[PDB]
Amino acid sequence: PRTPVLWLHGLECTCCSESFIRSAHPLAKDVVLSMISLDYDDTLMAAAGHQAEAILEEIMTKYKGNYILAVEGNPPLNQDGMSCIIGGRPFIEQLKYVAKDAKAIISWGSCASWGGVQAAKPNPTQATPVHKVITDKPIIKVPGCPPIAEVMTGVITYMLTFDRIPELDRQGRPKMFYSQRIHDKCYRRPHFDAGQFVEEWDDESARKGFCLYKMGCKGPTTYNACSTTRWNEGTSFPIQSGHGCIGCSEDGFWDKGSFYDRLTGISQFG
């Protein structure tokens, strides 16, 4: 038997579901057909309405304490929770229901992990990360907006192979993917180390691939696999394509000032 995955969606943009299907190693097709049993997922599932909701109860009963709950997005606490309605009820009630009998809970992306864009000031819906709502279950955070496809499938692969959550850092992120800052192995580091920086877009320095620190790069304070694993089968990452890291895997990155404002105290990161 393949482990059931119940994939819930709260307040979200669906970037995590989209990133997931970009995985090359393994293919998302192979994950779905051969590794997990993706039994509930509003983006891909055939059933709708009453037929879709009936699946949750069936899987929860037959695989009690032996299914994975994956959550994309998050629940709002304002508007009596009805700024995210599922089956005529607040999303938070669905989340709590499905979480109670899950073996493990994955918080996909910055929304589920930390609050995401909807939680940026002034947070009109009081969007709240999953771990602040579900406080009695093991949760792995896989942050990033979205996370890298191979990081997402890498987490699933580990959990299915070993029937274990991988080792987590103090913020609940898997050390196998989030142990390095972007800046640790960024290929532009030799320029940073020499004080060679882009100062204006498309200046001579930009055409030579100089460091993006002075254009606001948040790589020095951001933990992710982007500089090594990279994106879309190792094709590029934000910095390689010329834009600074905006810090998208970090808690509260939306309210850390302008993306183009440089970090202060440059000698910290040398």
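So that there is no doubt, residue numbering starts at 1 and follows the sequence shown.
Undergrad: Compare the mean C-alpha B-factor of 131 to 139 with that of 82 to 90 as given in the PDB entry, and name the stretch with the higher value.
TA: Per the PDB record, 131 to 139.
Undergrad: Mean C-alpha B-factor higher for 94 to 102, or for 119 to 127?
TA: In the deposited entry, the stretch with the higher C-alpha B-factor mean is 94 to 102.
Undergrad: Sorting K214, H50, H243, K218 by Cα temperature factor from the record, which one lands on top?
TA: That would be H50.
Undergrad: Can you pull the Cα B-factors for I165, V151, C111, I182 from the entry and say which is highest?
TA: Highest C-alpha B-factor among the listed residues goes to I165.
Undergrad: Lowest, middle or highest third of the chain for the C-alpha temperature factor of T61?
TA: It belongs to the highest third of the chain when residues are ordered by C-alpha B-factor.
Undergrad: By the recorded C-alpha temperature factor, relative to the other modelled residues in its chain, which third is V5 in?
TA: It falls in the middle third of the chain.
Undergrad: Lowest, middle or highest third: which one holds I239 when the chain's residues are ordered by CA B-factor from the entry?
TA: As the PDB entry reports it, the C-alpha B-factor of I239 lands in the lowest third of its chain.
Undergrad: C-alpha B factor of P190, ranked within the chain: lowest, middle or highest third?
TA: Highest third - that is where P190 ends up once the chain's C-alpha B-factors are sorted.
Undergrad: Lowest, middle or highest third of the chain for the C-alpha temperature factor of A28?
TA: For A28, whose C-alpha B-factor we compare with every modelled residue in the chain, the answer is the highest third.
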